[PDB]
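A.B. asks: Once you've had a glance at the structure underneath, I'll fire off some questions.
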Amino acid sequence: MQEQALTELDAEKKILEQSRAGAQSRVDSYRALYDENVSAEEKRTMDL
Amino acid sequence: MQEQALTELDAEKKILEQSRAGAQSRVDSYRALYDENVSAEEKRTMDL
Amino acid sequence: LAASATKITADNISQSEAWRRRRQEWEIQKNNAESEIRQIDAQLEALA
Amino acid sequence: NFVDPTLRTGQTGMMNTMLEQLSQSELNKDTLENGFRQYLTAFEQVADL
């Protein structure tokens, strides 16, 4: 039974790694949004 | 084994300190947004 | 025609200010996800 | 400590209508030169008097 108690934590690691992947995807999305402040075309409309 | 049970709480402290840092970052963001009610340029457009 | 022109430039300033507030909200969301990564990493260390 | 290069009392209409045009976010060389040439046009007109 102790081995099942030990492999449940190896499933918990999979849970937290999927959470880590989702948060990394949000960081990679919002850093791309934040670096491109205004687009190349949002500058064109201010010029217009 | 009791020492591992004691250092797991020192990892839990690291979890809650990262939560504390994230909430402090949100406070430092929204207080800066709330203090600057309207910008120097949002006043210019009302004047215009 | 000068009144129409100053209304146009007021709308220009309003668009640029709306985009700057949009970038500030993106910065807040970026820092949320970036703190959530550090929290999940400390949580993985506690699970280890 | 309290001076502001944006807001000045007695600031002319030419400086105000140049500050209107530099209030956007994208300030490249072309915007910031066209605004200065328009300011210099208005300056020429009030100096021809």
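Letters A, B, ... go to the chains of the structure tokens in the order shown; residues in each chain start at 1; ligands are counted from 1 in the same order.
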Can you work out which residues from chain A touch chain D at a cut-off of 12 Å (counting only C-alpha atoms) and hand them back as a list in words?

C.D. replies: residues 37, 38, 39, 40, 41, 42, 43, 44, 45, 46, 47 and 48 of chain A

A.B. asks: Write the residues you've just listed into a file as a PDB file, in the first residue's frame, and include N, CA, C and O atoms for each of them.

C.D. replies:
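Full text of selection.pdb as output:
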```pdb
ATOM      1  N   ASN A  37       3.729  47.339 -27.551  1.00  0.00           N
ATOM      2  CA  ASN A  37       2.893  48.339 -26.896  1.00  0.00           C
ATOM      3  C   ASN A  37       1.732  48.716 -27.793  1.00  0.00           C
ATOM      4  O   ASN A  37       0.584  48.357 -27.527  1.00  0.00           O
ATOM      5  N   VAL A  38       2.031  49.399 -28.872  1.00  0.00           N
ATOM      6  CA  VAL A  38       1.059  49.631 -29.916  1.00  0.00           C
ATOM      7  C   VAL A  38       1.592  48.939 -31.151  1.00  0.00           C
ATOM      8  O   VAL A  38       2.803  48.817 -31.344  1.00  0.00           O
ATOM      9  N   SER A  39       0.677  48.461 -31.980  1.00  0.00           N
ATOM     10  CA  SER A  39       1.066  47.710 -33.152  1.00  0.00           C
ATOM     11  C   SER A  39       1.658  48.638 -34.200  1.00  0.00           C
ATOM     12  O   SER A  39       1.780  49.849 -34.014  1.00  0.00           O
ATOM     13  N   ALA A  40       2.010  48.063 -35.343  1.00  0.00           N
ATOM     14  CA  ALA A  40       2.496  48.881 -36.439  1.00  0.00           C
ATOM     15  C   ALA A  40       1.387  49.691 -37.079  1.00  0.00           C
ATOM     16  O   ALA A  40       1.675  50.643 -37.804  1.00  0.00           O
ATOM     17  N   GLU A  41       0.133  49.334 -36.816  1.00  0.00           N
ATOM     18  CA  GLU A  41      -1.035  49.891 -37.476  1.00  0.00           C
ATOM     19  C   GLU A  41      -1.815  50.807 -36.553  1.00  0.00           C
ATOM     20  O   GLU A  41      -2.447  51.771 -37.006  1.00  0.00           O
ATOM     21  N   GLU A  42      -1.726  50.542 -35.254  1.00  0.00           N
ATOM     22  CA  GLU A  42      -2.165  51.489 -34.247  1.00  0.00           C
ATOM     23  C   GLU A  42      -1.309  52.747 -34.236  1.00  0.00           C
ATOM     24  O   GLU A  42      -1.762  53.785 -33.755  1.00  0.00           O
ATOM     25  N   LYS A  43      -0.086  52.682 -34.747  1.00  0.00           N
ATOM     26  CA  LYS A  43       0.683  53.897 -34.963  1.00  0.00           C
ATOM     27  C   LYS A  43       0.219  54.620 -36.214  1.00  0.00           C
ATOM     28  O   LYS A  43       0.219  55.858 -36.258  1.00  0.00           O
ATOM     29  N   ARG A  44      -0.171  53.853 -37.241  1.00  0.00           N
ATOM     30  CA  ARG A  44      -0.662  54.443 -38.481  1.00  0.00           C
ATOM     31  C   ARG A  44      -1.931  55.229 -38.242  1.00  0.00           C
ATOM     32  O   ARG A  44      -2.113  56.299 -38.820  1.00  0.00           O
ATOM     33  N   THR A  45      -2.811  54.735 -37.373  1.00  0.00           N
ATOM     34  CA  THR A  45      -4.061  55.462 -37.175  1.00  0.00           C
ATOM     35  C   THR A  45      -3.868  56.738 -36.359  1.00  0.00           C
ATOM     36  O   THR A  45      -4.581  57.721 -36.591  1.00  0.00           O
ATOM     37  N   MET A  46      -2.887  56.774 -35.453  1.00  0.00           N
ATOM     38  CA  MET A  46      -2.577  58.027 -34.773  1.00  0.00           C
ATOM     39  C   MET A  46      -1.962  59.028 -35.734  1.00  0.00           C
ATOM     40  O   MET A  46      -2.279  60.228 -35.684  1.00  0.00           O
ATOM     41  N   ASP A  47      -1.109  58.544 -36.640  1.00  0.00           N
ATOM     42  CA  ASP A  47      -0.584  59.398 -37.697  1.00  0.00           C
ATOM     43  C   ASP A  47      -1.693  59.913 -38.609  1.00  0.00           C
ATOM     44  O   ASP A  47      -1.639  61.058 -39.062  1.00  0.00           O
ATOM     45  N   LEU A  48      -2.726  59.107 -38.850  1.00  0.00           N
ATOM     46  CA  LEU A  48      -3.810  59.545 -39.723  1.00  0.00           C
ATOM     47  C   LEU A  48      -4.712  60.566 -39.054  1.00  0.00           C
ATOM     48  O   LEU A  48      -5.179  61.496 -39.717  1.00  0.00           O
TER      49      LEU A  48
END
```

A.B. asks: Contacts of residue 45 of chain C at 12 Å or less, counting only C-alpha atoms, minus same-chain residues fewer than 3 places along, as a ChimeraX atom specification?

C.D. replies: /A:13,16-17 /B:7-15 /C:38-42,48

A.B. asks: Restrict the selected residues to N, CA and C atoms and save them as a compact mmCIF listing (two decimals), in the first residue's frame.

C.D. replies:
```txt
# COMPACT_ATOMS: atom_id res chain seq x y z
N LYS A 13 2.39 15.48 -8.97
CA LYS A 13 3.39 16.21 -9.74
C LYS A 13 2.90 16.51 -11.14
N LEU A 16 0.52 19.52 -10.85
CA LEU A 16 1.21 20.81 -10.70
C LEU A 16 2.03 21.17 -11.93
N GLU A 17 2.49 20.18 -12.70
CA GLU A 17 3.18 20.51 -13.94
C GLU A 17 2.22 21.01 -15.00
N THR B 7 10.84 20.62 7.40
CA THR B 7 11.30 21.44 6.29
C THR B 7 10.25 21.59 5.19
N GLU B 8 9.23 20.73 5.19
CA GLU B 8 8.11 20.96 4.28
C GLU B 8 7.36 22.24 4.63
N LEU B 9 7.29 22.60 5.91
CA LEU B 9 6.68 23.87 6.27
C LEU B 9 7.56 25.05 5.86
N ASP B 10 8.87 24.85 5.81
CA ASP B 10 9.73 25.90 5.30
C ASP B 10 9.61 26.05 3.79
N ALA B 11 9.13 25.02 3.10
CA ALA B 11 8.76 25.21 1.69
C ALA B 11 7.38 25.86 1.55
N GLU B 12 6.46 25.54 2.45
CA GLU B 12 5.14 26.19 2.47
C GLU B 12 5.25 27.68 2.73
N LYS B 13 6.23 28.08 3.54
CA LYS B 13 6.49 29.50 3.75
C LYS B 13 6.94 30.17 2.47
N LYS B 14 7.70 29.46 1.64
CA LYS B 14 8.12 30.03 0.37
C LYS B 14 6.93 30.19 -0.58
N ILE B 15 6.00 29.24 -0.54
CA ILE B 15 4.75 29.37 -1.32
C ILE B 15 3.98 30.61 -0.91
N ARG C 38 6.03 31.49 -10.09
CA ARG C 38 6.91 31.33 -8.94
C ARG C 38 6.21 30.61 -7.80
N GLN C 39 4.91 30.85 -7.66
CA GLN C 39 4.12 30.14 -6.66
C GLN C 39 4.01 28.66 -6.98
N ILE C 40 3.78 28.31 -8.25
CA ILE C 40 3.68 26.91 -8.63
C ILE C 40 5.04 26.22 -8.55
N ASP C 41 6.13 26.96 -8.77
CA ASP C 41 7.45 26.36 -8.63
C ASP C 41 7.79 26.08 -7.18
N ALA C 42 7.45 27.00 -6.27
CA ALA C 42 7.62 26.72 -4.85
C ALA C 42 6.72 25.59 -4.39
N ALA C 48 8.15 17.99 -3.87
CA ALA C 48 9.36 17.18 -3.87
C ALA C 48 9.82 16.85 -2.46
```

A.B. asks: List every residue of chain B that DSSP, applied to the backbone of this structure, places in alpha helix (DSSP H), and write the result as an MDAnalysis selection string.

C.D. replies: chainID B and resid 2:35 42:47

A.B. asks: Rank C:44, C:33, C:12, C:21 by their smallest atom-to-atom distance to residue 19 of chain B, using only C-alpha atoms, and report the top residue only.

C.D. replies: C:33

A.B. asks: Counting only C-alpha atoms, which residues of chain C come no farther than 8 Å from chain A, as a list in words?

C.D. replies: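 Residues passing the distance filter: residues 12, 16, 19, 20, 23, 26, 27, 29, 30, 33, 34, 36, 37, 40, 41, 43, 44 and 47 of chain C.
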
A.B. asks: For chain D, which residue among C:18, C:13, C:8, C:1 is the nearest when counting only C-alpha atoms?

C.D. replies: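 Among the listed residues, C:13 lies closest to chain D.
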
A.B. asks: Rounded to one decimal, what separation in Å do you get between atom CA of residue 40 of chain D and atom CA of residue 14 of chain D?

C.D. replies: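 So the two atoms, atom CA of residue 40 of chain D and atom CA of residue 14 of chain D, lie 8.8 Å apart.
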
A.B. asks: For residue 42 of chain D, find every residue with an atom within 12 Å (counting only C-alpha atoms), except residues of its own chain fewer than 2 positions away, and show them as a list in words.

C.D. replies: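 In the requested form, the answer reads residues 12, 13, 14, 15, 16, 17, 18, 35, 36, 37, 38, 39, 40, 44, 45, 46, 47, 48 and 49 of chain D.
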